[PDB]
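**Student:** as a preliminary step, the opening chains of the complex are given here in situ:
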Amino acid sequence: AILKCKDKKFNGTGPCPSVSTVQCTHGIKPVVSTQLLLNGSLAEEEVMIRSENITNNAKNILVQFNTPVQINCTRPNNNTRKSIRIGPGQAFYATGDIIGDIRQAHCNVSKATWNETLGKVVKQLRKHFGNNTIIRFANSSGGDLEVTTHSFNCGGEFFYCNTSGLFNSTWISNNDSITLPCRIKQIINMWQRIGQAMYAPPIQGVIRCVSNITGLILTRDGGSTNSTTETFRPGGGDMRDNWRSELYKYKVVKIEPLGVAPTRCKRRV
Amino acid sequence: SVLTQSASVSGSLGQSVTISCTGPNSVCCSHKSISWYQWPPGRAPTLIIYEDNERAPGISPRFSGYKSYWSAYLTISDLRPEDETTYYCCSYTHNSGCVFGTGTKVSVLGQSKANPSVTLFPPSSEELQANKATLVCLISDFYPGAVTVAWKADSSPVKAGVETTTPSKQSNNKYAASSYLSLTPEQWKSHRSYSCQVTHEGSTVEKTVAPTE
Amino acid sequence: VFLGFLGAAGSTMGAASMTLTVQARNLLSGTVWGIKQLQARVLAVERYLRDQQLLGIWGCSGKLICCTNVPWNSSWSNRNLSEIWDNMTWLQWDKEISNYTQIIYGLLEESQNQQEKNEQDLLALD
């Protein structure tokens, strides 16, 4: 059986009062993405902030939104593809002429809703760090392009969107949109590849996708000093976090039906 | 009450004793279940039996019960010393509620007596700084649980300021009662002596003191 | 009434001993993915047969409830009837008797063959 925590305020660890058995999980689509996780199922009441060990900075924080914050993304260039005969049977898909202007890949989110939803996480965060506390948001500290930027697929090509504009805030105790630029790669090295890589063919034409942000993988700064100013930064790296984000409702158990117990009864002679 | 218990019953040690729990048909006993409790005065009770004969967890085999068509009873065997206490029963069914009886005290005998441990504490220097003057006659470790506290004043008893109380079962199956009394502060160097008599059946004890301190 | 598979999880062992045919029911019927399917398909019959194996090496191929001739060692539980059938749940109850279930099974194994070796003697003389 698979057992499903139907409690709408569960942090993922401990006794769950509302439980149900079920054969299969829900429709868990494999969105592989860093920073913000997208198109996932969202919380029913509160913006739940889940972690293994919250006190320890080494462990990341899984934020699950309550409201979807729609983020539109695009590659504005009408790219063209030509096919090159390596031969025989082998055929490389080259990137041909760019038809029209040469623009920049990017994503837009509402500054209004981001304000609103970043306010929700703060209301929740202060439940763990004190009522009289400053909680500001900062960009990535430094590392691989795989993790220093919101990575995703969009129309068949891979994106690398600067999240500095989103994580750039400050929060005290008490109408346009956010244009955020992106990069694009074709030879990709996902899932910490080592001996093999993959060339993602040019996708002919103009590309745009629309998606909700379902969560975040945030990271707190361990300098501390008991300061009421502990800031946060977006993280990623390990991709199990993403499936961890959707599979928190589930657990697998082994059924054992052979009960033995005393009742006043002897079998016949 | 409507559910009629017995007043009191008796038995030796390692002996057997019973107790009735009768009532009218409106309460007992046909088409009705009966329980049984050991309820010590001023302390939480303890459930013994239910559904007439079913013994609760942590109940020695000696305890037993039977419901006749007209009356219910409880029988206790292998009488131990701590069984000397007050008991209650209750009429109940699945959907309805409980109806406690009248009350029965158990008086176990065949039990050795005890010499009282008396220790009188006179009023301290701080107590008189009010001004109020009293005494603290205390008595402990005695059987049976019954005494009488008397006093005197110049070849005649005391006709005022008395506050006597009842005994109570202790943690070691013994009984202990207290007694106080107030005297005027001008009756110290003026009045000679004063007795604090506390009579017992086995022997007699008292704590007499003359104010000259 | 009909609760569902495992529905009497938090029900008393008496009430849960009603819905036995429901848990017993949903227990059989219900190239990357292809291999997963296969070692799950065998696992289910292996796990199922291992229980029928036990019921059969006892006398309880009936089955569901089956009485026996091995008496209850009070050391195992020692609780009264009411407080397990009209009180405790099987999830709970399982963890108490868990320490000796395989020792209990052994008592059952010898007892069944002992029945058979005996019953042949009855039909033999009669």
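**Tutor:** Here it is on my side, so go on. Numbers count the residues shown, from 1 in each chain, chains lettered A, B, ... in the order given.
**Student:** switch to C-alpha atoms for all contacts and neighbour counts from now on
**Tutor:** OK.
**Student:** excluding chain neighbours, what is closest to the residue nearest to the spatial centre of chain B?
**Tutor:** Note on chain B: the residue nearest the mean C-alpha position is residue B:168, at 4.4 Å, using CA atoms, centre = their mean. Distances taken as CA to CA, 6 or more residues apart in numbering or on different chains place residue B:175 nearest to residue B:168, at 5.2 Å, with adjacent residues excluded.
**Student:** who does the one you found form a beta bridge with?
**Tutor:** residue B:142, residue B:169 (DSSP bridges).
**Student:** burial measure for it, as a count.
**Tutor:** 21 (other CA atoms under 10 Å in any protein chain shown).
**Student:** would you mind listing what in chain C touches chain A?
**Tutor:** Chain C comes close to chain A at residues C:5-6, C:23-24, C:51, C:66-69, C:72, C:81, C:90, C:94, as judged by CA under 8 Å from any CA of the partner chain.
**Student:** most surrounded residue in the residues you listed?
**Tutor:** residue C:90 (23 neighbours).
**Student:** my guess is that residue meets residue C:14, correct?
**Tutor:** No - under the criterion of CA atoms under 8 Å, residue C:90 is not in contact with residue C:14, lying 9.5 Å apart.
**Student:** before we move on, back to that, any idea how far chain A is from the residue nearest to residue B:168?
**Tutor:** Distance of residue B:175 to chain A, given as CA to the nearest CA, to the nearest Å: 46 Å.
**Student:** correct me, but that residue touches residue B:147?
**Tutor:** No - contact criterion CA under 8 Å: residue B:175 and residue B:147 do not qualify, at 10.4 Å.
**Student:** and residue C:61, that's in a helix?
**Tutor:** No - the assignment for residue C:61 is coil, going by DSSP: H, G, I helix; E, B strand; the rest coil, so no helix is present there.
**Student:** which element is the spatially most central residue of chain A on?
**Tutor:** In chain A, the C-alpha nearest the mean C-alpha coordinate belongs to residue A:37, at 2.0 Å (CA atoms, centre = their mean). Taking DSSP states H and E as the criterion, residue A:37 maps to strand A:36-38.
**Student:** ok, now chain D:
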Amino acid sequence: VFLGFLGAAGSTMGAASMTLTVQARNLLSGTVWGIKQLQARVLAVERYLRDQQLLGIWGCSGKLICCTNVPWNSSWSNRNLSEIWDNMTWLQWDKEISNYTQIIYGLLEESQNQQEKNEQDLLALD
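**Tutor:** Placing chain D onto the earlier chains gives this:
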């Protein structure tokens, strides 16, 4: 006493007919290597079920020892009781009756369905 799985190999068919529940016991539960495991895991349930198949198409789902209504054709063995139960071993005994085991099984097959077709008539009239 408890000898072990197959321990009564060189024991008399009487003494070996005691320890039946031990041989019946250790008979189920117990990518190169991965495939070996799988066609061994199915082989064990196939081979096991083929015996339950027989016991079931006879009346002997009990099982262990099960009497029947087909009488012993002396041609098969013709030996006396003592010299097979208190003398011979099953390893030995198997090779004698081996020539007609499948013919014997056929006698059993018809006899069981004959019982059922009959017993319905009893419960029918009564």
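**Student:** need the contact list for the residue nearest to the centre of chain B.
**Tutor:** B:145, B:175, B:176, B:177 (CA atoms under 8 Å, 6 or more residues apart in numbering or on different chains).
**Student:** buried ones only from those, please, as a PyMOL command.
**Tutor:** To isolate the buried ones among these in PyMOL, judged by 16 or more other CA atoms under 10 Å in any protein chain shown, type:
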select buried, chain B and resi 145+175+176+177
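**Student:** nearest to residue D:113 among the contacts of residue B:168?
**Tutor:** Using CA to CA, residue B:175 comes nearest to residue D:113 of these, at 83.1 Å.
**Student:** make CSV from the contacts of residue B:168 and add distance to chain D to it.
**Tutor:** Conversion of these to CSV gives the following (distance: CA to the nearest CA, whole Å):
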residue, distance to chain D
B:145, 65
B:175, 63
B:176, 66
B:177, 69
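**Student:** the contacts of residue B:168 into JSON lines, with extra columns for distance to residue B:213?
**Tutor:** As requested, those are exported to JSON lines (distance: CA to CA, whole Å):
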{"residue": "B:145", "distance to residue B:213": "34"}
{"residue": "B:175", "distance to residue B:213": "32"}
{"residue": "B:176", "distance to residue B:213": "29"}
{"residue": "B:177", "distance to residue B:213": "27"}
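**Student:** what separates residue A:86 from chain C, distance-wise?
**Tutor:** Residue A:86 is 29 Å from chain C, where distance means CA to the nearest CA.
**Student:** residue A:257 now?
**Tutor:** Relative to chain C, and taking CA to the nearest CA, residue A:257 is found at 8 Å.
**Student:** then residue B:138?
**Tutor:** 47 Å.
**Student:** please apply the same query to residue B:51.
**Tutor:** Taken as CA to the nearest CA, the span from residue B:51 to chain C is 11 Å.
**Student:** who's in contact with that residue?
**Tutor:** For residue B:51, the contacting residues are B:33, B:34, B:35, by CA under 8 Å, 6+ apart.
**Student:** throw chain E on there as well:
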Amino acid sequence: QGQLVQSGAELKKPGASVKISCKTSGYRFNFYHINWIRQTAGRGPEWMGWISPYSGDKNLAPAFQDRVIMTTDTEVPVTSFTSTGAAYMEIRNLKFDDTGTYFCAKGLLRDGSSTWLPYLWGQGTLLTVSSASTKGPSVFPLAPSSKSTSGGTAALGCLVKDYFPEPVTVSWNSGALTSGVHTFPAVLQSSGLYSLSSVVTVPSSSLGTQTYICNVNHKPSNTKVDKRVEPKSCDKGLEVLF
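**Tutor:** Next up, chain E placed on what we already have:
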């Protein structure tokens, strides 16, 4: 199985109201009923009613139908078979007769003919419905005295001569010494005020090595007192032992 602690004592003037709480631990709160019974003097013991933490079903006596309301709080779990819940009982009107002890007690079984039967009980809660105002406990010491001058024995303790209402604690040095834990009940003065004492057996030889602190409180009106007994004796028989 698990303990069942309750609220402390309190006084309420007649024609008023009251609410008695009762916490749960060591057992599944929703799995058993919660009963409430009073040990009032007049009618002896009497069962108010019960309520199911699960279903919310209430069954009160006529004596407490129009007068009382059963209340139950949400269950928060410890493990799969353990929890931490609570229950209450609002008595609307207050009479002279309501003066007495009050108990909460959980049900016997989860199913059966004796489902709600009060098996496990609380330690008790007190109520004194009275027009009289609260009085603090005037505490004083006791001059050490002996029992047997030959046996090698001594004794000392604290005194609480006048207060209202009951009850009162009897701890020692923040609950350290568990030797000679003795206590006497109070006695009522002719005017309507209580009076009690307490004592503990000790050896003579030790005087300065022993620390005397009877950290005792009287909760109905938030009062905390601490006192120490001095070595000035009273009976000559104690000073001979030294």
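**Student:** again for the contacts of residue B:51, chain E present now?
**Tutor:** By CA under 8 Å, 6+ apart, the contact list for residue B:51 reads B:33, B:34, B:35, E:113, E:114.
**Student:** let's see it at 7 Å
**Tutor:** Applying CA atoms under 7 Å, 6 or more residues apart in numbering or on different chains to residue B:51 gives the contacts B:33, B:34, B:35.
**Student:** just the ones in strands from these, please.
**Tutor:** Under the assignment DSSP state E, those contribute B:33, B:34, B:35 to strands.
**Student:** who wins on neighbours among the residues you listed?
**Tutor:** residue B:35 (27 neighbours).
**Student:** residue contacts, it?
**Tutor:** B:49, B:50, B:51, B:52, B:89, B:90, B:91.
**Student:** and for residue A:101?
**Tutor:** Taking CA under 7 Å, 6+ apart, one finds residue A:77 in contact with residue A:101.
**Student:** my read: the residue nearest to the centre of chain A touches residue A:216, true?
**Tutor:** Yes - contact criterion CA atoms under 7 Å: residue A:37 and residue A:216 qualify, at 5.8 Å.
**Student:** what is the neighbour count of residue 138?
**Tutor:** Using chain A here. Around residue A:138 there are 20 residues (other CA under 10 Å).
**Student:** could you do chain B instead?
**Tutor:** 21.
**Student:** go on, the one 5 residues further on?
**Tutor:** The burial count assigned to residue B:143 is 20, neighbours taken as other CA under 10 Å.
**Student:** relative to chain A, how far out is the spatially most distant residue from the centre of chain C?
**Tutor:** In chain C, the residue that sits farthest from the middle, by CA atoms, centre = their mean, is residue C:31; the gap is 37.0 Å. Per CA to the nearest CA, residue C:31 is found 19 Å from chain A.
**Student:** what parts of chain E come near chain B?
**Tutor:** E:45-47, E:113-115, E:119, E:121, E:123, E:140-143, E:145-147, E:184, E:187-189 (CA under 7 Å from any CA of the partner chain).
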